[PDB]
Amino acid sequence: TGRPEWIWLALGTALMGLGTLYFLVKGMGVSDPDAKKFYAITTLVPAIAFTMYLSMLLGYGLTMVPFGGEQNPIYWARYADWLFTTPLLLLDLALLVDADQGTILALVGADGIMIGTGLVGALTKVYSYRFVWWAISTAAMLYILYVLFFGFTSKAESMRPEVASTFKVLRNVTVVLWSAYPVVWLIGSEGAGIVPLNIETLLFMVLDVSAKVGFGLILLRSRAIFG
Amino acid sequence: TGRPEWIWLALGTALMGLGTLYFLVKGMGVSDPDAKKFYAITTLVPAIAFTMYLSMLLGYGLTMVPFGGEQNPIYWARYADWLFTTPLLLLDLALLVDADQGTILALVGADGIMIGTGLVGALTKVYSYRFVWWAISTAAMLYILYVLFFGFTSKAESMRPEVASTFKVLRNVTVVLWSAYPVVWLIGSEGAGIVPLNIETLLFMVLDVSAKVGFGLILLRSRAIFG
Amino acid sequence: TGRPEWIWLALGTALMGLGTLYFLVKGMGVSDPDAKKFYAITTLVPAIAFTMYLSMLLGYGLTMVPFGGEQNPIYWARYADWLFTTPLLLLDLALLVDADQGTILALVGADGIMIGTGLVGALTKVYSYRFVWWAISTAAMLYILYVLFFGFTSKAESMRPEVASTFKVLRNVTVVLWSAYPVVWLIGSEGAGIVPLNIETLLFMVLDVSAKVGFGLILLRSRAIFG
Ligand SMILES: CC(C)CCC[C@@H](C)CCC[C@@H](C)CCC[C@@H](C)CCOC[C@@H](CO[C@H]1O[C@H](CO)[C@@H](O)[C@H](O)[C@H]1O[C@H]1O[C@H](CO[C@@H]2O[C@H](CO)[C@H](O)[C@H](OS(=O)(=O)O)[C@H]2O)[C@@H](O)[C@H](O)[C@@H]1O)OCC[C@H](C)CCC[C@H](C)CCC[C@H](C)CCCC(C)C
Ligand SMILES: CC(C)CCC[C@@H](C)CCC[C@@H](C)CCC[C@@H](C)CCOC[C@@H](CO[C@H]1O[C@H](CO)[C@@H](O)[C@H](O)[C@H]1O[C@H]1O[C@H](CO[C@@H]2O[C@H](CO)[C@H](O)[C@H](OS(=O)(=O)O)[C@H]2O)[C@@H](O)[C@H](O)[C@@H]1O)OCC[C@H](C)CCC[C@H](C)CCC[C@H](C)CCCC(C)C
Ligand SMILES: CC(C)CCC[C@@H](C)CCC[C@@H](C)CCC[C@@H](C)CCOC[C@@H](CO[C@H]1O[C@H](CO)[C@@H](O)[C@H](O)[C@H]1O[C@H]1O[C@H](CO[C@@H]2O[C@H](CO)[C@H](O)[C@H](OS(=O)(=O)O)[C@H]2O)[C@@H](O)[C@H](O)[C@@H]1O)OCC[C@H](C)CCC[C@H](C)CCC[C@H](C)CCCC(C)C
Ligand SMILES: CC(C)CCC[C@@H](C)CCC[C@@H](C)CCC[C@@H](C)CCOC[C@@H](COP(=O)([O-])OC[C@H](O)COP(=O)([O-])O)OCC[C@H](C)CCC[C@H](C)CCC[C@H](C)CCCC(C)C
Ligand SMILES: CC(C)CCC[C@@H](C)CCC[C@@H](C)CCC[C@@H](C)CCOC[C@@H](COP(=O)([O-])OC[C@H](O)COP(=O)([O-])O)OCC[C@H](C)CCC[C@H](C)CCC[C@H](C)CCCC(C)C
Ligand SMILES: CC(C)CCC[C@@H](C)CCC[C@@H](C)CCC[C@@H](C)CCOC[C@@H](COP(=O)([O-])OC[C@H](O)COP(=O)([O-])O)OCC[C@H](C)CCC[C@H](C)CCC[C@H](C)CCCC(C)C
Ligand SMILES: CC(C)CCC[C@@H](C)CCC[C@@H](C)CCC[C@@H](C)CCOC[C@@H](COP(=O)(O)O)OCC[C@H](C)CCC[C@H](C)CCC[C@H](C)CCCC(C)C
Ligand SMILES: CC(C)CCC[C@@H](C)CCC[C@@H](C)CCC[C@@H](C)CCOC[C@@H](COP(=O)(O)O)OCC[C@H](C)CCC[C@H](C)CCC[C@H](C)CCCC(C)C
Ligand SMILES: CC(C)CCC[C@@H](C)CCC[C@@H](C)CCC[C@@H](C)CCOC[C@@H](COP(=O)(O)O)OCC[C@H](C)CCC[C@H](C)CCC[C@H](C)CCCC(C)C
Ligand SMILES: *C/C=C(C)/C=C/C=C(C)/C=C/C1=C(C)CCCC1(C)C
Ligand SMILES: *C/C=C(C)/C=C/C=C(C)/C=C/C1=C(C)CCCC1(C)C
Ligand SMILES: *C/C=C(C)/C=C/C=C(C)/C=C/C1=C(C)CCCC1(C)C
Ligand SMILES: [Xe]
Ligand SMILES: [Xe]
Ligand SMILES: [Xe]
C-alpha cells in the first residue's frame, strides 16, 4: 500500500526541486545559443520530475489496480513524468552528437511507445497480460539503447574530444540506468511482488535522481555543451 | 458487445506487427538522410497501430458508454492510435511535397481537432450530441483533404516526376480511405447502430491496414523518398 | 453547480467560432510563408478554444470534485484547451521576436508545467493541497511572463519598428491578461469560493476571448507578420 514509502517520495521531490534550482542558477548568464538549448532541455527534466514526485508524495499520483487476486497500489505518475522526461534526455544526447532528424524521430517514437506501453501494463487488470506489455516496452527500450550505444557513439567520433568523451560517459550512464527500470518494474508491485513497494520506490528514486540530476551534472558541467 | 470481433482485432494486430517488422527490415542500411526520415515516420505508424490494436484484442482499449437507451461498447484505443498516427502520415506527405511549416502546423492542428473531437463524440453520453462532434470532426477532415488534394498536388508539381507521381497515388489513397472512416463511424456502434460492432471492426481493420501498411508499401518502395 | 453559467459558455463558444471563421477568411490568399505561420498558429488557437468551450456548454467538460466539505463542479476542459492553446500564443510571440530554440523550449516546458500543474490542482481532493499546485503553477507563469517582458522585448528591439511596436502591444496584453487567470482561479470555485461559478465563467470568458481573438486581431491586422 502507499504510506511507508512516503519518505522516498519526499526525498525525491526535494532532490528534483533542488536539482532544478541548481541548474536554473547555473545557466542564467549563458549566451551561447547551443549551451542554451542544453540548459533548457536539462533544466526541464528535473522540473517535470519534481511535479510528478510531489503528486506521489501528496497521494494524487497513486491509484489502485485490481489484478492477480488483490488490490495493488500503482503510482501512475511515473509514466506522466517519463513520457516527457525520457524523450528530453534523448534529445540532449542527440544534440550533443548532432543526430539526424529521422533518428531523433524514431528515438522519440520508440520512447513514446516504451512509456505508453509500460503505462498500459501497469494499469491492466489481467495479471498475465501486464507482462506482455512489459515485453513490448522492454523491446522498445532495447531499440533505443542500441541506437544510443552504436549509432550515436559513431556520430560522437566526428566531434571534438570534449564532446566525444562527455558523450561516452552520458551514454554509459543512460544505458546502465535505463535498463534497471524494467527489472525493478518486473520484481516490484507492478509485476511480481518480489520486492515491496517500499523498497521499489527507493530504487526508482536513486535511478531517477541519477538519470536526471546526475546525468544533468555530468553534462552541464562539461565544456561539451558549447559550440 | 466486445467478443466476436476479436478475430478482426487479432488479424489487425498481426498485420500491423508484421508491417512494422517488414519496414524495419527494409530501412536498415539506408544512409540517405531524406529516406531515413520517411522510414522513421512510416515505420512508427504501424508500430503505434500495433500497440493499440493489441490493447483492443486484450480488452484494455474497450470501454462502455451509456447513451440512447442501452450500454454501448466503445473501443477508445482507436483515437489514441489515430492521434499520433494520422499526423505522422500527413508529415510523410508534407515531406514528400516539401510543405511550408505553416501549412504543416495547420494540418497537424486540424488533424488533432479531428481525432480529439471524434474521441469526445464517441464518449459523449447525450446520444444527440455525439453527432454534433461528428460534424465538427468531419469538417476538420474535409479541411485536411482539401489542402492535400489541391494545395499539396500543386507543391508536388514542382518536384521531379517520380515524386509527383508517387505523391499522386498516396494522395488518392488517403483521400479515398480517410473519408470512409466518418461514414463507418456514423453507421457503426459509435453512432447509428446500422452496422454491428462485428462488421465495423472489420471495416476499420481493412481501412487501417490499407491506410498504413498499404500507404507505407507504396511510399517506401518508390524512389520518391530519395533526394 | 453547472447550469446558470451556460450563457457565458454559449457566448464563448460563439465568439471563438466566429473568431476562427474570421481569421480563416483573412489568411486565405496569403502567400508570404512568414505570415502563413502566424495565421496558422493564430487561427488554431480560437479553433481549439471553440471545441473545448462547446464541450463545457454541452456538459461534457464538467466534472465533480469532492473537497473541503461538499461536491464542487470543476470544468476540466479549460486545461485541455490551455494546454495547446497557451503554447501556441507563446510561439506567435517567439516567431515575431525570432526567439532562440532553447528559450522557446524552456517557455513551452514552463507553459506545460503551468497548465499541467493547475489541472492537478483543480482535481485534487485535499482542499489544502490545491493551493500548493496553484503556487507551483503561478511560479511557472511568472517565469514565462518574466522572459516575455524582459527577454523578448530585448529581442524585439532588433526588429524593424512595426514588429517592435506590435510586439509591445501583444506583450502588454498577454502579461496583463495571463496574470488575471490565477487570481480568478484562487477566488473562484477551484479555490476559495469567494466568487460564484456563474461570475467566474464570465471572467474566464472575457479573458479567453481577449487573450485569443483580441490578441489575434492585434497581430493579424498589423504588417508585423510579414518578412
Ligand atoms: C509522444 C507523447 C509525449 C505521448 C502522449 C500520449 C497521451 C497524449 C494520449 C492521450 C490519448 C487519448 C486519445 C486516449 C483517451 C482515453 C480515455 C477515454 C480514457 C482512457 O482510460 C484508460 C487509460 C488508463 O485508465 C485506467 O486507470 C485509471 C486509474 O487506475 C482508472 O480510473 C480507469 O478506469 C482505467 O481505465 C481502464 O479500465 C476501465 C474498466 O472497467 C472495466 O470494465 C470491464 C468490462 O468487461 C471489466 O468489468 C473490468 O474488470 S474489473 O477490475 O472490475 O474486475 C473493469 O475494471 C475501462 O472502462 C477503461 O476503458 C480502461 O480499460 O489508459 C491510458 C492509455 C495510454 C495513454 C495509451 C498510449 C498510446 C500509445 C502507446 C502512444 C505512443 C506515442 C507515440 C510514440 C507518438 C509518436 C509521434 C511523436 C510526435 C514522435
Ligand atoms: C496534438 C496531440 C497529439 C493531441 C493530444 C491531446 C491529449 C494530450 C490531452 C490530455 C488533456 C488533459 C488536459 C485533459 C484531462 C481530463 C481528465 C481530468 C479526465 C477527462 O475525462 C474525460 C475524457 C474521457 O473520459 C470519459 O470516458 C471514460 C471511459 O469510457 C470514463 O471512464 C470517464 O468517466 C469519461 O469522462 C466523462 O464523464 C464523467 C461523467 O460522470 C457523469 O456525471 C454527470 C453529472 O451530471 C451525469 O451523471 C453523467 O451521466 S450518466 O451516464 O451516468 O447517466 C455521468 O456519466 C465526467 O465526470 C468526466 O468529467 C467526463 O465528462 O475526455 C477526453 C477529452 C480529449 C482528450 C480532449 C482533446 C481536446 C482538443 C480536441 C485537442 C486538440 C489538439 C490540437 C490540434 C493541438 C494543436 C497544437 C499542435 C502541437 C500543432
Ligand atoms: C506538453 C503537452 C502539450 C502536455 C500534455 C500532458 C498529457 C499528454 C499527459 C497524459 C499522461 C499519462 C502518462 C497519464 C495517465 C494517467 C491515467 C492512468 C489516469 C489519470 O487520472 C488522474 C488525472 C485526473 O483524473 C481525475 O479527475 C477525473 C474527473 O474529475 C476522475 O474521474 C478521476 O478518477 C481523477 O483521478 C484521481 O483520483 C482517483 C481517486 O480515487 C481515490 O482513491 C483514494 C484512495 O486512498 C481515496 O479514496 C480518494 O478519496 S475520496 O474523494 O472518494 O474521498 C478517492 O477519490 C485516483 O484513483 C486516480 O489515480 C487520480 O488520483 O490526472 C491528470 C494528470 C496530468 C495530465 C499530469 C500532467 C503531468 C506534467 C505536469 C506534464 C508537464 C509537460 C511538460 C511541460 C512537457 C515538456 C516537453 C515539451 C515537448 C517541451
Ligand atoms: C523548487 C522549484 C523546482 C519549484 C518551482 C516549480 C517549477 C517546477 C516550475 C518553474 C518553471 C520551470 C519549468 C522553468 C524552467 C526553465 C528552464 C527550462 C530554463 C532554461 O534556460 C533557458 C534560458 C534561455 O535564454 P535567453 O532568454 O534566450 O537569453 C539570451 C541572452 O540575451 C544571450 O543572447 P545572444 O546569444 O544573442 O548573445 O532561459 C531564460 C533566461 C532569462 C533571461 C534569465 C532567467 C533568470 C531566472 C528567471 C532566474 C533564475 C531562477 C531563480 C534563481 C529562482 C527559480 C524560482 C522558480 C519558482 C521558477
Ligand atoms: C512485432 C513488433 C511490431 C513488436 C515490437 C514492439 C514495437 C511496437 C516497439 C519497437 C520500437 C519501435 C517504435 C521502433 C521504431 C523504429 C523505426 C521508427 C526506425 C526507423 O529507422 C530510422 C533509422 C535512423 O538511421 P541512423 O541510425 O541515423 O543511421 C545513419 C547511418 O550511419 C548513415 O549516415 P550518413 O547519412 O551520414 O551516411 O534507425 C536506426 C538505424 C540503426 C543504426 C539500425 C537498427 C537496426 C535494428 C535495431 C534492427 C532491425 C529490427 C529487427 C529485424 C527486429 C525488431 C524487433 C522489435 C522488438 C524492435
Ligand atoms: C465555426 C468553426 C470554428 C467550426 C469548425 C470546426 C473547427 C474547430 C475545425 C476546423 C479545422 C481547423 C482546426 C482548421 C484550421 C486551419 C488554420 C490553422 C489554417 C491557417 O492557414 C494556413 C494556410 C497555409 O497556406 P498554403 O496552403 O501553404 O498556401 C501556399 C500558397 O500557394 C502560396 O505559396 P508561395 O509562398 O510559394 O508563393 O492553410 C491552407 C490555405 C488553403 C490553400 C486555402 C484554404 C481555404 C479554406 C479551406 C477556406 C476557408 C474556410 C471557409 C470560409 C469556411 C470554414 C469551415 C470550417 C468547417 C473549416
Ligand atoms: C527485444 C528483442 C526481443 C529483439 C532484439 C533485436 C535483435 C534480435 C536483432 C539485432 C539486429 C542488428 C544487430 C542488425 C544488424 C546490423 C549489421 C551491420 C551487423 C552488425 O551487428 C553487430 C553488433 C554491432 O556491431 P559491434 O558491436 O561489433 O561494434 O550488434 C550487436 C548485437 C548484439 C549481440 C544483440 C543485442 C543484444 C540484446 C541485449 C539481446 C536481447 C535478447 C535478450 C537475451 C531477451 C530477453 C527476454 C527473456 C525475458 C524472455
Ligand atoms: C465542412 C463543410 C461544412 C465546410 C466546407 C467549406 C466550403 C463551403 C468552402 C470552400 C472554400 C474554398 C474552395 C475557397 C476559395 C479559393 C479560390 C481560389 C477559388 C477556387 O475554388 C475552386 C476549387 C479548387 O480549384 P479546382 O478544382 O478548379 O482546380 O475548390 C473546390 C470546391 C469544392 C466544390 C467544395 C468542396 C466540396 C465538399 C466535399 C462539399 C462539402 C459539403 C457537404 C455536401 C456537406 C455534408 C453534410 C450533411 C451530412 C448535412
Ligand atoms: C514565483 C516566485 C516565488 C519566484 C520569483 C523569482 C525571483 C525571486 C528571482 C528573479 C531573478 C532575476 C531578476 C535574475 C537576475 C538577472 C540580473 C542581470 C539582474 C537584473 O534584474 C533586474 C530586473 C530586470 O531588469 P530592469 O527592469 O531594470 O530592466 O528584474 C526585475 C525583478 C523584479 C523586481 C522581480 C519580479 C517580481 C515578481 C512579480 C514578484 C514575485 C513575488 C510575489 C510578491 C509572491 C506572491 C506569493 C504570495 C501569495 C505568498
Ligand atoms: C527520469 C527517468 C528515466 C531516465 C526513466 C527511464 C525509464 C525507462 C527506461 C523505463 C522502462 C520500462 C520498461 C522497459 C518496461 C516496463 C515498464 C517501464 C516503463 C518501467
Ligand atoms: C491509421 C489510421 C487512419 C488513416 C485514420 C484516419 C481517421 C480519420 C480520417 C477519422 C475521421 C473521423 C471523423 C471525420 C468523424 C467521426 C469520427 C472519426 C474519428 C472516425
Ligand atoms: C486562451 C487562454 C489563455 C491565454 C490562458 C492562460 C492561462 C493561464 C496563464 C493560467 C494560469 C493558472 C495559474 C498560474 C495557477 C492556477 C491555475 C491556472 C491554470 C488558472
Ligand atoms: Xe531524441
Ligand atoms: Xe503535417
Ligand atoms: Xe514558445
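The rules behind the values
Residues numbered from 1 in each chain as written, not as in the entry; some residues may be left out. Chains lettered and ligands numbered in written order. Heavy atoms only, no water. UniProt positions renumbered as here; feature names shortened; annotations may be inferred. Helix = DSSP H or I, 4+ residues; strand = E, 2+ residues; numbered from the N terminus. Buried < 20%, exposed > 50% of the residue type's maximum accessible area, 1.4 Å probe, protein only. Near = heavy atom within 4 Å. Polar contact = N/O pair within 3.5 Å; in protein donor to acceptor, adjacent residues only side chain to side chain. Areas by Shrake-Rupley, 256 points an atom, 1.4 Å probe, with all protein chains shown as cover. Nonpolar A, V, L, I, M, F, W, Y, C, P; charged D, E, K, R; others polar. Contact = heavy atoms within 4.5 Å. Buried area = accessible area lost by both parts, 1.4 Å probe. Salt bridge = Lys/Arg side-chain N within 4 Å of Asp/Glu carboxyl O. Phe/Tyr/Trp six-rings, centres within 6.5 Å; stacked < 30°, edge-to-face > 60°. Least-squares fit on C-alpha atoms.

Structure determination for this entry, per the PDB record, employed X-ray crystallography and reached 2.5 Å resolution.

The name given to chain A in the PDB entry is Bacteriorhodopsin, with the source organism recorded as Halobacterium salinarium. For this entry, the PDB title field holds "Crystal structure of bacteriorhodopsin-xenon complex". Quoted verbatim from the Subunit heading of the UniProt record, the comment on chain A is "Homotrimer." One UniProt comment on chain A, placed under Sequence similarities, says "Belongs to the archaeal/bacterial/fungal opsin family."

(A) Unusual backbone geometry, seen in detail. All names here are of chain A. Of note, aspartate 98 is a non-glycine position whose phi angle comes to about 60°, a positive value. Mapped onto the secondary structure, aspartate 98 falls in the loop between α3 (77-97) and α4 (101-123). Looking at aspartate 98, the relative accessible area reads 52%, which means it is exposed.

(B) Geometry of the site of ligand 2. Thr63 and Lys125 of chain B together with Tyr60, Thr63 and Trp76 of chain C are the nearest of the 24 residues found near ligand 2. Near ligand 2, the surrounding residues are drawn from chains B and C. Within the side chain of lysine 125 of chain B, an N or O atom sits 3.1 Å from an oxygen atom of ligand 2. Contact with the protein chains removes 58% of the 1,700 Å² of surface that ligand 2 exposes when unbound. Element by element, the count of residues in the shell around ligand 2 is highest for helix α4 (residues 101-123) of chain B, at seven residues. Among the residues making up the shell around ligand 2, the classes are represented as 18 nonpolar, five polar and one charged.

(C) Broad picture of the interface of chain B and chain C. At the interface, 18 residues of chain B touch 15 residues of chain C. Interface area, chain B with chain C, both sides summed: about 1,300 Å², of which 86% is carbon and sulfur. Looking only at chain B, the three residues that lose the most surface to chain C are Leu105, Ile113 and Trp133 of chain B, adding up to 36% of its buried area. With a shortest N-O distance of 3.9 Å, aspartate 100 of chain B and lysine 36 of chain C are connected by a salt bridge. Counting across the chain B and chain C interface gives zero residue pairs in polar contact. Mapped by element, the contributors of at least two residues to the side of chain B that touches chain C are α4 and α5 (127-156) of chain B. Among the elements that line the side of chain B that touches chain C, the one with the most residues is α4 of chain B, at 11 residues. Among the residues making up the side of chain B that touches chain C, the classes are represented as 10 nonpolar, six polar and two charged.

(D) Structural detail: the packing of aromatic side chains. All told, the structure shown has 36 aromatic pairs over all chains when counted by the stated rule. Ring centres of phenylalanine 131 of chain A and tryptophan 185 of chain A lie 6.4 Å apart, and the angle between their planes is 90°; this geometry places the pair in the edge-to-face category. Linking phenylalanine 131 of chain A in helix α5 (residues 127-156) with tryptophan 185 of chain A in helix α7 (residues 180-187), this pair joins segments that are 54 residues apart in sequence. The class of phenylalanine 131 of chain A is partly exposed, set by a relative accessible area of 24%. Between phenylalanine 152 of chain B and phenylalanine 167 of chain B, the aromatic rings sit 6.3 Å apart at their centres with planes inclined by 40°, giving tilted as the arrangement. Here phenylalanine 152 of chain B, found in helix α5, pairs with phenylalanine 167 of chain B, found in helix α6 (residues 161-178); they are 15 residues apart in sequence, far enough to count as distant. Accessibility expressed as a relative area gives 4% for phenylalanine 152 of chain B, which makes it buried. Overall, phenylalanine 167 of chain B belongs to the buried group, its relative accessible area being 1%. Taken together, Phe67, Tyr127, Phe131 and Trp185 of chain A form an aromatic cluster joined through their ring pairs.

(E) Spotlight on the side chain of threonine 124 of chain C. Residue and element names in this part refer to chain C. Position of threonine 124 among the secondary structure elements: in the loop between α4 (101-123) and α5 (127-156). Overall, the relative accessible area of 4% leaves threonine 124 in the buried class. Side-chain polar atoms of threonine 124 contact the backbone oxygen of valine 120, separated by 2.6 Å.

(F) Spatial organisation of the relation of the copies chain B and chain C. Of the two same-sequence chains, chain B is brought onto chain C (RMSD 0.0 Å, axial shift 0.0 Å) by a rotation of 120°. Between the two chains, the operation in question is that of a three-fold axis.

(G) Layout of the interface of chain C and chain A. The partner chain A presents 15 residues to the 18 residues of chain C that form the contact. When the two sides are added together, the surface that chain C and chain A hide from each other amounts to roughly 1,300 Å², 86% of it contributed by carbon and sulfur. Sorting the residues of chain C by area buried against chain A places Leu105, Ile113 and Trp133 of chain C first, and these three jointly supply 36% of that buried surface. Taken together, the links from chain C to chain A amount to one salt bridge. Across the chain C-chain A interface, the total number found is zero residue pairs in polar contact. Of all the secondary structure elements, the ones that give two or more residues to the side of chain C that touches chain A are α4 and α5 of chain C. Partitioning the side of chain C that touches chain A into residue classes produces 10 nonpolar, six polar and two charged.

(H) Here's a closer look at the site of ligand 11. All names here are of chain B. Around ligand 11 lies a shell of 17 residues, among which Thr85, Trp134, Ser137, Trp178 and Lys212 are the nearest. Isolated, ligand 11 exposes 540 Å² of accessible area, and the fraction of that covered by the protein chains is 100%. For the shell around ligand 11, the elements supplying multiple residues, two or more each, are α3 (77-97), α5, α7 (180-187) and α8 (197-220). At five residues, α3 tops the list of elements feeding residues into the shell around ligand 11. Counted by class, the shell around ligand 11 contains 11 nonpolar, four polar and two charged residues.

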